[PDB]
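Have a look at structure.csv below; it lists CSV, C-alpha atoms and all ligand atoms.
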chain,number,residue,atom,x,y,z
A,1,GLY,CA,-140.2,-41.7,17.4
A,2,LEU,CA,-140.2,-39.0,20.0
A,3,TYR,CA,-143.2,-38.2,22.2
A,4,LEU,CA,-144.3,-35.2,24.3
A,5,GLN,CA,-146.7,-35.1,27.2
A,6,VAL,CA,-148.6,-31.9,27.8
A,7,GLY,CA,-150.7,-32.7,30.9
A,8,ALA,CA,-152.2,-35.5,32.9
A,9,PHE,CA,-155.8,-35.3,34.3
A,10,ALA,CA,-158.2,-37.1,36.5
A,11,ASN,CA,-161.1,-35.5,34.7
A,12,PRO,CA,-161.5,-37.2,31.2
A,13,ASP,CA,-163.2,-34.1,29.8
A,14,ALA,CA,-160.2,-32.0,30.7
A,15,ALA,CA,-157.9,-34.4,28.9
A,16,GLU,CA,-160.1,-34.6,25.8
A,17,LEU,CA,-160.4,-30.8,25.8
A,18,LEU,CA,-156.6,-30.4,25.9
A,19,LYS,CA,-156.3,-33.0,23.1
A,20,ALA,CA,-158.7,-31.1,20.9
A,21,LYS,CA,-156.9,-27.8,21.5
A,22,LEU,CA,-153.5,-29.3,20.8
A,23,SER,CA,-154.8,-30.6,17.4
A,24,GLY,CA,-155.1,-26.9,16.4
A,25,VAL,CA,-151.4,-26.1,17.1
A,26,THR,CA,-149.6,-29.2,15.9
A,27,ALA,CA,-149.8,-31.6,12.9
A,28,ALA,CA,-148.4,-34.5,15.0
A,29,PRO,CA,-150.9,-37.2,16.3
A,30,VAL,CA,-152.4,-36.2,19.6
A,31,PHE,CA,-153.7,-39.0,21.8
A,32,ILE,CA,-154.7,-39.8,25.4
A,33,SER,CA,-152.9,-42.6,27.2
A,34,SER,CA,-154.9,-43.6,30.4
A,35,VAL,CA,-153.4,-45.7,33.2
A,36,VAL,CA,-154.1,-46.6,36.8
A,37,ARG,CA,-151.9,-44.6,39.1
A,38,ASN,CA,-152.4,-44.2,42.9
A,39,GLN,CA,-155.7,-46.0,42.8
A,40,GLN,CA,-157.1,-43.5,40.2
A,41,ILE,CA,-157.4,-43.3,36.5
A,42,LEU,CA,-154.8,-40.8,35.1
A,43,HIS,CA,-155.5,-39.5,31.5
A,44,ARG,CA,-152.1,-38.4,30.0
A,45,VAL,CA,-152.3,-36.1,26.9
A,46,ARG,CA,-149.5,-36.9,24.5
A,47,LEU,CA,-148.4,-36.3,21.0
A,48,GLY,CA,-146.1,-38.1,18.6
A,49,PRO,CA,-144.2,-39.8,17.2
A,50,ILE,CA,-142.2,-36.7,16.2
A,51,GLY,CA,-139.5,-37.4,13.6
A,52,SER,CA,-136.7,-35.2,14.8
A,53,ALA,CA,-135.3,-33.4,17.8
A,54,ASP,CA,-135.6,-30.0,16.0
A,55,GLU,CA,-139.3,-30.6,15.4
A,56,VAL,CA,-139.7,-31.5,19.1
A,57,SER,CA,-138.2,-28.2,20.0
A,58,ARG,CA,-140.4,-26.2,17.7
A,59,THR,CA,-143.5,-28.1,18.8
A,60,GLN,CA,-142.7,-27.4,22.4
A,61,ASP,CA,-142.4,-23.7,21.4
A,62,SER,CA,-145.8,-23.7,19.7
A,63,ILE,CA,-147.5,-25.4,22.7
A,64,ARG,CA,-146.1,-22.7,25.0
A,65,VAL,CA,-147.2,-19.9,22.6
A,66,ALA,CA,-150.7,-21.4,22.8
A,67,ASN,CA,-150.5,-21.4,26.6
A,68,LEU,CA,-151.5,-25.0,26.7
A,69,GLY,CA,-149.1,-26.4,29.3
A,70,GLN,CA,-145.4,-27.4,29.8
A,71,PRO,CA,-144.6,-29.9,27.0
A,72,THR,CA,-142.2,-32.5,28.3
A,73,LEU,CA,-140.5,-35.4,26.5
A,74,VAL,CA,-141.7,-38.8,27.6
A,75,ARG,CA,-140.9,-42.4,26.7
A,76,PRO,CA,-144.1,-44.0,25.3
A,77,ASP,CA,-145.9,-46.5,27.6
B,1,LIG,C1,-146.5,-32.1,31.4
B,1,LIG,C2,-147.4,-32.9,32.3
B,1,LIG,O1,-147.9,-34.0,32.0
B,1,LIG,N1,-147.6,-32.4,33.5
B,1,LIG,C3,-148.4,-33.1,34.5
B,1,LIG,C4,-147.5,-33.6,35.7
B,1,LIG,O2,-146.4,-34.4,35.5
B,1,LIG,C5,-145.3,-34.6,36.4
B,1,LIG,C6,-144.4,-35.7,35.8
B,1,LIG,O3,-143.8,-36.5,36.9
B,1,LIG,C7,-143.9,-38.0,36.9
B,1,LIG,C8,-144.4,-38.4,35.5
B,1,LIG,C9,-144.7,-38.5,38.1
B,1,LIG,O4,-145.5,-37.7,38.7
B,1,LIG,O5,-144.6,-39.7,38.4
B,1,LIG,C10,-143.4,-35.2,34.8
B,1,LIG,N2,-144.0,-35.1,33.5
B,1,LIG,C11,-144.1,-36.1,32.6
B,1,LIG,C12,-144.8,-35.8,31.4
B,1,LIG,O6,-143.6,-37.2,32.9
B,1,LIG,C13,-142.8,-33.8,35.3
B,1,LIG,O7,-142.3,-33.8,36.6
B,1,LIG,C14,-143.3,-33.3,37.5
B,1,LIG,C15,-144.5,-33.2,36.6
B,1,LIG,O8,-143.9,-32.9,35.3
B,1,LIG,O9,-148.3,-34.3,36.6
B,1,LIG,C16,-149.3,-33.5,37.2
B,1,LIG,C17,-150.0,-34.3,38.3
B,1,LIG,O10,-149.0,-34.8,39.3
B,1,LIG,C18,-150.3,-32.9,36.2
B,1,LIG,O11,-151.1,-31.9,36.9
B,1,LIG,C19,-152.3,-31.6,36.4
B,1,LIG,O12,-152.1,-30.3,36.1
B,1,LIG,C20,-153.3,-29.7,35.4
B,1,LIG,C21,-152.9,-28.3,34.8
B,1,LIG,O13,-152.6,-27.4,35.9
B,1,LIG,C22,-154.4,-29.7,36.4
B,1,LIG,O14,-155.5,-29.0,35.8
B,1,LIG,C23,-156.0,-27.8,36.2
B,1,LIG,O15,-156.7,-27.9,37.5
B,1,LIG,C24,-157.2,-26.7,38.0
B,1,LIG,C25,-157.7,-26.9,39.4
B,1,LIG,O16,-156.6,-27.7,40.1
B,1,LIG,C26,-158.3,-26.2,37.1
B,1,LIG,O17,-158.8,-24.9,37.6
B,1,LIG,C27,-157.7,-26.0,35.7
B,1,LIG,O18,-158.7,-25.5,34.8
B,1,LIG,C28,-157.1,-27.3,35.2
B,1,LIG,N3,-156.4,-27.1,33.9
B,1,LIG,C29,-156.9,-27.8,32.8
B,1,LIG,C30,-156.0,-27.5,31.5
B,1,LIG,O19,-157.8,-28.6,32.8
B,1,LIG,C31,-154.8,-31.1,36.8
B,1,LIG,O20,-155.8,-31.1,37.8
B,1,LIG,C32,-157.2,-31.3,37.3
B,1,LIG,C33,-158.1,-30.9,38.4
B,1,LIG,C34,-157.4,-32.8,36.8
B,1,LIG,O21,-156.7,-33.7,37.3
B,1,LIG,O22,-158.4,-33.0,36.0
B,1,LIG,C35,-153.6,-31.8,37.4
B,1,LIG,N4,-153.8,-33.3,37.5
B,1,LIG,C36,-153.5,-34.0,38.6
B,1,LIG,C37,-153.9,-35.5,38.5
B,1,LIG,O23,-153.0,-33.5,39.6
B,1,LIG,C38,-149.5,-32.2,35.1
B,1,LIG,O24,-150.5,-31.9,34.0

What is this structure when it is put down as structure tokens?
Amino acid sequence: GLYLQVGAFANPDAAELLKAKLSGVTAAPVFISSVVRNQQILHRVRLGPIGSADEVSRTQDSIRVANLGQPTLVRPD
């Protein structure tokens, strides 16, 4: 399973909004993974698991077309 991260936010509404928008441009599960980092809560907007490298590439393209951020491969935490 391959995962992308599209943004990471201190504001939870910003993370939830990005999650909602991403659900309109991919069929992969979109979720928020929140962690403590640098004494703050960081809400990381991720999607996956994606079943193939080619689908990752096309999903990255769709996210860029939608102007939603810079979709980056991540290892799930
Ligand atoms: C793809 C991704 O997740 N990018 C985020 C980025 O990630 C790093 C990361 O490096 C490692 C993990 C590390 O830092 O240890 C790595 N990516 C991954 C996935 O691992 C890669 O190398 C560098 C970079 O990419 O982290 C930064 C924080 O350091 C995230 O930055 C956030 O960017 C968003 C989008 O620009 C900010 O939101 C915007 O804020 C402006 C005002 O500043 C508003 O006017 C905009 O409306 C708002 N956009 C949206 C869509 O809401 C975001 O700041 C806001 C204020 C927030 O935190 O709520 C900013 N977050 C932080 C914590 O700085 C980047 O998303």

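The smallest atom-to-atom distance between residue 52 of chain A and any of A:28, A:40, A:18, A:67, using all atoms listed in the file, is found for A:28.
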
Given 10 Å and only C-alpha atoms and all ligand atoms, residues near ligand LIG 1 (chain B) as a PyMOL selection string: chain A and resi 3-18+37-38+40-46+67-75

Distance of atom CA of residue 47 of chain A from atom CA of residue 64 of chain A, expressed in Å to one decimal place: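 Interatomic distance here is 14.4 Å.
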
Atom CA of residue 62 of chain A to atom CA of residue 35 of chain A, distance in Å rounded to a single decimal: 26.9 Å

Among listed residues A:31, A:21, A:1, A:26, nearest residue 60 of chain A (using all atoms listed in the file):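 Checking each candidate against residue 60 of chain A, we get A:26 as the closest.
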
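What separates atom CA of residue 63 of chain A from atom CA of residue 30 of chain A is a distance of 12.3 Å.
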
Distance criterion (only C-alpha atoms): nearest to residue 2 of chain A out of A:66, A:61, A:36, A:29: A:29
